[PDB]
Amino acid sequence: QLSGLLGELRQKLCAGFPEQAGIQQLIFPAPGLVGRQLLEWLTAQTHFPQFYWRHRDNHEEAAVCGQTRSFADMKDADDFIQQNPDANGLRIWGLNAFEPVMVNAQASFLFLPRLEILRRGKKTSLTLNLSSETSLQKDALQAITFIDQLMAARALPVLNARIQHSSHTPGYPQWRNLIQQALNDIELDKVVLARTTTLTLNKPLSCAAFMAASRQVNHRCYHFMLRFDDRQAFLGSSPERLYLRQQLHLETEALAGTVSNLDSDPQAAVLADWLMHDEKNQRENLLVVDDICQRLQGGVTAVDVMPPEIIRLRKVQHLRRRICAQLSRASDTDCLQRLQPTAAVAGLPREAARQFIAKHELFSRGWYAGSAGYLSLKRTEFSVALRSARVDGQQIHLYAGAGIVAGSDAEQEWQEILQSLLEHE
């Protein structure tokens, strides 16, 4: 049981630590079962921030709780990892915003956790970070307090809140006016325009319960959840990787080109076949591949692209091409700066899109369309923060986007553009 492990950890904290500045990791192998109960455990805790992570591959999962250091941008988080080459498995977790957020506004919210429970495959480990500018002994003491204030994991509370009001930002007329502004500008090749749906609920959303419902239905997605405190969070279920880095190995992907999914496997297969052989959709995917390659080229010794494949998601099926590279340097700062924001969330041409969005979108995307995941010296992975939502007491703001092209009608785009999970009052 986790309770046994937490006692062993506590015992070790009670032995000495230097009364001098430092950093240390206490790493305890955990029972595999603990790795299957991570959302249950995280959300019972009253310590913040909290970050939950489940890889789209079902093989990596984490619950991280409390903080020992926080960084407001990737550069500073990266610099801290580099200054600790010694410390294997020093992982920093969190969010890189699309646009800086008041949490000065910060480009990222990245933190070295107090406690990290990480599952990879069948092996789970618990890690407690100690950190101080003066005394690791002082910090060990605070860590004992933190441990004594942990709560027992409990089964997940039922998804209960109900919608009593909905509104849209932008509203339809502004959406329509904005899209006209992009159709006139296209005479720009493509711009992706965001819309928030603000649901007002009869009570505070259980983030736990919402995350659990999204996991049951949104397969093949990275699930992430950052709770800043017991009222504010950002969470989502994105099918898309920004990048994976293993030493100088990098993977990313062009995820672009769509057809509907259908519950019937063979009906779905038939549409995937169509998608696989559709020129228009294939071209859209390849221009994404070209942008990504263009952004990587000065930082790689090699880049290459695999054959296209189909990702079958709950309502849609996508064309995907993995892009593999060898980096010149191992710098997560540089990776992020090159890959984010992606063309998929902004449009083409890259800078023409970013500026249109910057000029005309009236509302900040904040965390939406940025990324979620972790960094470390040898391994880093971020998912693009798509299909995501800001929880704010009894309100939830759901994000979505629409790519706008020469042929696009505002009303059709509105009809196309997580809410599924909640029922009305």
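One-based numbering along the sequence shown.
Note to self: Can you count the deposited residues that have no coordinates between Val103 and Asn104 and report it as none, 1 to 3, 4 to 9, or 10 or more?
What the structure shows: The entry leaves 10 or more residues without coordinates here.
Checklist line | Entry-level comparison of average CA B-factors, 16-24 and 397-405, reporting the higher stretch | finding: Stretch with the greater average CA B-factor: 16-24.
Next item on the list: On mean C-alpha B-factor from the PDB entry, just flag whether 292-300 or 178-186 is the higher one.
Entry: Going by the record's values, the stretch with the higher mean is 178-186.
Notebook entry, point to check: Can you tell me which of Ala352, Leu226, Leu244, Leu313 has the highest Cα temperature factor in the record?
Noted result: Answer, based on the entry's C-alpha B-factors: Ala352.
Notebook entry, point to check: Which one, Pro307, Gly121, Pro113, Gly171, has the peak C-alpha temperature factor per the PDB entry?
Noted result: Answer for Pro307, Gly121, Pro113, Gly171: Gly121, with the highest C-alpha B-factor.
Next item on the list: Please rank the C-alpha B-factors of the chain's modelled residues and tell me whether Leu2 sits in the lowest, middle or highest third.
Entry: Tercile = highest for this residue's CA B-factor.
Notebook entry, point to check: Based on the entry's values, in what third of the chain does the Cα temperature factor of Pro341 lie: lowest, middle or highest?
Noted result: For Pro341, the deposited C-alpha B-factor lands in the middle third.
Notebook entry, point to check: By its CA B factor, does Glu240 count among the lowest, middle or highest third of the modelled residues in the chain?
Noted result: CA B-factor rank for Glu240: lowest third.
Check: If you rank the chain by CA B-factor, which third does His360 end up in: lowest, middle or highest?
Finding: Highest third, going by the recorded CA B-factors of the chain.
Notebook entry, point to check: So where's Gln282 on the chain's Cα temperature factor ranking, which third?
Noted result: Tercile = middle for this residue's CA B-factor.
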